[PDB]
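Chemist: Take these chains first, placed just as they are in the complex:
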Amino acid sequence: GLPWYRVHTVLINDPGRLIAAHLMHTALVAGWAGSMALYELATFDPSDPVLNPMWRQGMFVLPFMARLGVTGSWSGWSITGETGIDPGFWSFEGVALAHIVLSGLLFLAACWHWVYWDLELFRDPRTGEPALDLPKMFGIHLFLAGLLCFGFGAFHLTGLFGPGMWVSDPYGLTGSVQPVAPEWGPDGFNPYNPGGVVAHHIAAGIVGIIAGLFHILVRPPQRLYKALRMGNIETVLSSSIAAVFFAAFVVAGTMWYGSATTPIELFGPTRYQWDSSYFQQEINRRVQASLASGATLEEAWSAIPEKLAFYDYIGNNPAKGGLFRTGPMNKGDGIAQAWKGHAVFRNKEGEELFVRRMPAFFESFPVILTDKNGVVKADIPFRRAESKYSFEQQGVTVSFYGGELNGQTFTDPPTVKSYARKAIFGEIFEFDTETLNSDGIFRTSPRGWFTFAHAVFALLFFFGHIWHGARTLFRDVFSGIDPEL
Amino acid sequence: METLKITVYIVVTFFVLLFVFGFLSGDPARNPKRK
Amino acid sequence: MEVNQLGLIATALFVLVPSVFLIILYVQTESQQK
Amino acid sequence: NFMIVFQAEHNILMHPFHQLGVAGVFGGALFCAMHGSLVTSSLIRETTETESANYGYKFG
Amino acid sequence: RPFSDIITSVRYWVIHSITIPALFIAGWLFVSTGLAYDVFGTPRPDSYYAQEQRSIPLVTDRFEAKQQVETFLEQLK
Amino acid sequence: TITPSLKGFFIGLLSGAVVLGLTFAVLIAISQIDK
Amino acid sequence: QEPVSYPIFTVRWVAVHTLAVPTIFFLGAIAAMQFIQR
């Protein structure tokens, strides 16, 4: 009889039972979604959004409904940070329970369809054995999808009945949900333009209606019908799988390089922003603009937002962490409390030094202090009686500008070393490691987990594709060959 | 620890002797053909 | 040092549920006939 | 640890003999895979499409 | 069809002993007149450095990459 | 306006199309000759 | 074997001649590199 890897082949020739199995599977996917939402709503801390956001707490499904404009909680707190709201029915919980009810409806129907499998509808009105008219079905389903795609782009994203969608500013300091507006310009094909995403779901929407209509009206040529083994369901499987890992590779890429639909406020910064020093350049722009208009260093650096400095830190870089370091990013280096301020290291002579900041590649990088030209002035030497540039021999001091250590200077060598060896990580923060029992080793981002998983599944679905393509093209030459004897 | 040396030598010696006497004992006619 | 007690549960279920799956599959087909 | 200290102190990758050894393993693995595929793709029809193909051989 | 039929027919020799030395000489003269150095822009072993630029040439922008390398070749490095 | 990238891009599209057209025309002509 | 209604140059002709002229041109150039002083 059947072995264990062909056991789900009692639904190839039987439609009724096939619908039932698909329905039961959809009920699981929906029940899991609802249950995951509930589970993440039991482990979210909403009081601190500036130094304890969603993407630091390892929330996977929470940003996906915040992307379309659900922000309410019946608790009367939002993720934007306003408190004392009311959203009506639609909160995070609302969607969460809605999925439980839908799972139940699909499970009941799945039971019905498993029991009442034999219908005249699946039988051929000529031969009287089960057949499905697959081109017709493709036509109807393309019609269904094009109509709903056109509806979503036309009524939801424009906020003409719906909420709109989440848009932000380039630095992810202010981010909200607003009605967005279409763009048919060439700029509609810039991924960093919201408008183009709206335009798409309308245009491709109607194109989906026309083709959906077309495929219902005409009948396929004989040549293709015989070529791509049409009337064999297992080729519909093979073609559909080719399409799935196309889509997967795209959402792994657009997530990893970021886009306007994965803002840096619902998934945190990308690595392509750390290595290009995206945030350090905005910080410098403001502080030089502040000093030129007149200001002192103390004033000027305390004018920097806590958000804009928090992104300028390697612990938000998803290229740090590892494959078996589990849990939130907070489990890695503690929940941030406050900003210590910008650190400026100086020599006894009177010159300003700059610390070379760590790359993503390394797991330990030497600590070096250079000056303007790029030549080394000081370092913390690995060797333990041989030194020329050590802090003790050079007299290094450290000064703080901005935050809670503002106006402070430290002049004894251990504290200067302590701040400098963690200055290679970027800006300096105060962390709390005693409330999630963090051990001080980085954890990767939800962005990074997303692209890791979808890449892996895409690489397997390629194998899936070439195997199911072979099964439909060598159907009649399997079970061994006639040895022509 | 001195007893240990002697009993290990005796064990080893016993096995190597079975081996040599075994190969003197009629081995080229133990084949299933031309015995 | 550290042992992770969710990691314990992780292996425990990993090695149980498929061994149990396989032992049931092997037992029901051998309990039938010719 | 052994491999890493071996490479540092003698540089085994630029030894031509180690290069023939990896060629033999890579080629050995390769000939195994293609031998497996060519023989299993030529098997005779004694089966059906609900029982595995391997019950075409009845032993010896 | 076997090489034996190819290794003997006079027309094979009357083309080949004429074309192949021209190709051999075309290939020889291509490196020996130093033309391979200009068409691939590979340095000669007296043009890797200059007496005002004693470090490695490195491209650091990708749309003026062209202009950057032309600058290094214009100053006789 | 027509940026320099657009001219290079249009040239690469036309030249790629030409390569594929001439190769398909070559196969059809040679196959059709020796029927 | 290569066709018997014989096109004037067959498919074997380009196969041997895309691998004939480059390697003759190349081992004449590689040989010239040997006599560069360096």
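Modeler: Ah, there it is. Numbers count the residues shown, from 1 in each chain, chains lettered A, B, ... in the order given.

Chemist: got the residue ranges for the helices in chain G?
Modeler: Per DSSP state H, chain G carries helices over the ranges G:11-17, G:21-33.

Chemist: for chain F, same thing?
Modeler: Under DSSP H, chain F gives helices at F:4-33.

Chemist: And the residue of it that's closest to chain D?
Modeler: Here chain F gets closest to chain D at one residue, residue F:27, 29.9 Å apart by C-beta to the nearest C-beta. Backbone N, C-alpha and C define where each C-beta goes, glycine included.

Chemist: And the residue nearest the centre of chain E?
Modeler: residue E:36 (2.6 Å; C-alpha atoms, centre = their mean).

Chemist: and that residue, what does it touch?
Modeler: By C-beta atoms under 8 Å, 6 or more residues apart in numbering or on different chains, the residues touching residue E:36 are E:30, E:42, G:29.

Chemist: Please repeat the previous calculation with a cut-off of 10 Å.
Modeler: Shown in contact with residue E:36 (C-beta atoms under 10 Å, 6 or more residues apart in numbering or on different chains): E:30, E:42, G:29, G:32, G:33.

Chemist: where's it relative to residue E:74, distance?
Modeler: 21 Å (C-beta to C-beta, to the nearest Å).

Chemist: Could you do residue A:82 as well?
Modeler: 61 Å.

Chemist: With residue G:23 instead?
Modeler: In terms of C-beta to C-beta, residue G:23 sits 37 Å off from residue E:74.

Chemist: between the two, who's got more neighbours?
Modeler: When neighbours are counted by other C-beta atoms under 10 Å in any protein chain shown, residue G:23 comes out ahead of the other of residue G:23 and residue E:74, with 12 against 9.

Chemist: Contact partners for the more buried one?
Modeler: Applying C-beta under 10 Å, 6+ apart, the residues contacting residue G:23 are E:23, E:27, G:30.

Chemist: Adding neighbour count and distance to chain F, write these out as a markdown table.
Modeler: Shown next, in a markdown table, are those (neighbours: other C-beta atoms under 10 Å in any protein chain shown; distance: C-beta to the nearest C-beta, whole Å):
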| residue | neighbour count | distance to chain F |
| --- | --- | --- |
| E:23 | 17 | 26 |
| E:27 | 22 | 27 |
| G:30 | 13 | 30 |
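
Chemist: Specify which member of these is nearest to residue A:70.
Modeler: Residue A:70 has its nearest neighbour among the contacts of residue G:23 in residue G:30, at 68.5 Å by C-beta to C-beta.

Chemist: rewinding a little: which one of the contacts of residue G:23 sits closest to chain D?
Modeler: Using C-beta to the nearest C-beta, residue G:30 comes nearest to chain D of the contacts of residue G:23, at 21.5 Å.

Chemist: include chain H too:
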Amino acid sequence: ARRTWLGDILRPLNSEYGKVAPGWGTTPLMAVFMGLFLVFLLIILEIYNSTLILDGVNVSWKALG
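Modeler: With chain H now in place:
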């Protein structure tokens, strides 16, 4: 089999399982959709990788509203 109201409504939609269209048919019309769609995929890919530097389109994070 079992006849039902809903099956009777939906019955004419799965009865044409045999039908094809003679000769090559519409296959030459499909071939340009292949086609210009692939050319379009090229265009949008080359915009994203900045190998087209269109005026008025600047691929950056500094383009958000």
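
Chemist: now that chain H has been added, could you go back to the contacts of residue G:23?
Modeler: E:23, E:27, G:30.

Chemist: Check residue A:109 too.
Modeler: Per C-beta under 10 Å, 6+ apart, neighbours of residue A:109: A:19, A:20, A:23, A:24, A:26, A:27.

Chemist: Residue A:102 is in contact with the fifth one, correct?
Modeler: Right, residue A:26. Yes - counting by C-beta atoms under 10 Å, residue A:26 does reach residue A:102; the two are 8.9 Å apart.

Chemist: returning to what we had before: would you mind measuring from the residue nearest to the centre of chain E to residue A:79?
Modeler: Taking C-beta to C-beta, one finds residue E:36 at 64 Å from residue A:79.

Chemist: now residue F:12
Modeler: Between residue F:12 and residue A:79 the computed distance is 47 Å (C-beta to C-beta).

Chemist: quick one, which of the two is more surrounded?
Modeler: residue A:79 (22 against 13).

Chemist: Quick check on the more buried one: phi, psi?
Modeler: phi -80, psi -10 (degrees, to the nearest 10).

Chemist: Does it touch residue A:57 like I think?
Modeler: No - contact between residue A:79 and residue A:57 fails when scored by C-beta under 10 Å: they sit 11.4 Å apart.

Chemist: Please name the residues that touch residue A:280.
Modeler: Neighbours of residue A:280 in contact, by C-beta under 10 Å, 6+ apart: A:273, A:274, A:308, A:309, A:311, A:312, A:357, A:426, A:427.

Chemist: 6 Å instead, please
Modeler: residue A:312 (C-beta atoms under 6 Å, 6 or more residues apart in numbering or on different chains).

Chemist: got the buried residues for the strand or helix carrying it?
Modeler: For residue A:280, the element it lies in under DSSP states H and E is helix A:278-292. Neighbour-count burial for helix A:278-292, counted by 16 or more other C-beta atoms under 10 Å in any protein chain shown, picks out A:278, A:279, A:280, A:282, A:283, A:287, A:290.

Chemist: how much space between the third one and residue F:5?
Modeler: Spelled out, it's residue A:280. Counting by C-beta to C-beta - residue A:280 and residue F:5 are separated by 30 Å.

Chemist: Over to the fourth one?
Modeler: When C-beta to C-beta is applied, the distance between residue A:282 and residue F:5 equals 28 Å.

Chemist: likewise residue C:30?
Modeler: Relative to residue F:5, and taking C-beta to C-beta, residue C:30 is found at 70 Å.

Chemist: same check, this time on residue H:28
Modeler: Using C-beta to C-beta, which is the criterion applied here, residue H:28 is 33 Å from residue F:5.

Chemist: Chain I should join the structure above:
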Amino acid sequence: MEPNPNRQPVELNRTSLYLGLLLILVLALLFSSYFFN
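Modeler: Same chains as before, plus chain I:
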């Protein structure tokens, strides 16, 4: 229910049982080192 002739038993045997248990066990031994971390 109503009889369906498409339904068929699953056949698992003693050698496949051994192979499967061996694979799950050596996989278990390899990955516990990382799960415990």
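
Chemist: What about the contacts of residue E:36 again, now that chain I is present?
Modeler: residue E:30.

Chemist: Repeat the analysis, applying 10 Å as the threshold.
Modeler: Neighbours of residue E:36 in contact, by C-beta under 10 Å, 6+ apart: E:30, E:42, G:29, G:32, G:33.

Chemist: what about the second one, how many neighbours?
Modeler: As a burial measure, the neighbour count of residue E:42 was computed by other C-beta under 10 Å and equals 9.

Chemist: now the strands: where do they sit in chain A?
Modeler: A:165-168, A:175-178, A:335-346, A:352-355, A:368-370, A:376-379, A:397-401, A:409-410, A:428-432 (DSSP state E).

Chemist: Could you save these as JSON lines and add columns showing mean neighbour count and distance to chain E?
Modeler: Below are those laid out as JSON lines (neighbours: other C-beta atoms under 10 Å in any protein chain shown; distance: least, C-beta to the nearest C-beta, whole Å):
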{"stretch": "strand A:165-168", "mean neighbour count": "21", "distance to chain E": "28"}
{"stretch": "strand A:175-178", "mean neighbour count": "17", "distance to chain E": "31"}
{"stretch": "strand A:335-346", "mean neighbour count": "19", "distance to chain E": "27"}
{"stretch": "strand A:352-355", "mean neighbour count": "16", "distance to chain E": "19"}
{"stretch": "strand A:368-370", "mean neighbour count": "18", "distance to chain E": "17"}
{"stretch": "strand A:376-379", "mean neighbour count": "19", "distance to chain E": "17"}
{"stretch": "strand A:397-401", "mean neighbour count": "20", "distance to chain E": "31"}
{"stretch": "strand A:409-410", "mean neighbour count": "14", "distance to chain E": "37"}
{"stretch": "strand A:428-432", "mean neighbour count": "17", "distance to chain E": "30"}
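
Chemist: out of these, nearest to chain H?
Modeler: Of all the strands of chain A, strand A:165-168 comes closest under C-beta to the nearest C-beta, at 5.9 Å.

Chemist: Could you give the separation of the closest one from the chain centroid?
Modeler: Its chain's C-alpha centre and that of strand A:165-168 lie 15 Å apart, by C-alpha atoms, centre = their mean, to the nearest Å.

Chemist: Likewise for stretch E:59-71?
Modeler: With C-alpha atoms, centre = their mean, you get 22 Å for stretch E:59-71.

Chemist: Can you give me the first-to-last residue distance of it?
Modeler: 11 Å (C-alpha to C-alpha, to the nearest Å).

Chemist: Show me the residue at the heart of chain G, geometrically.
Modeler: residue G:20 (1.1 Å).
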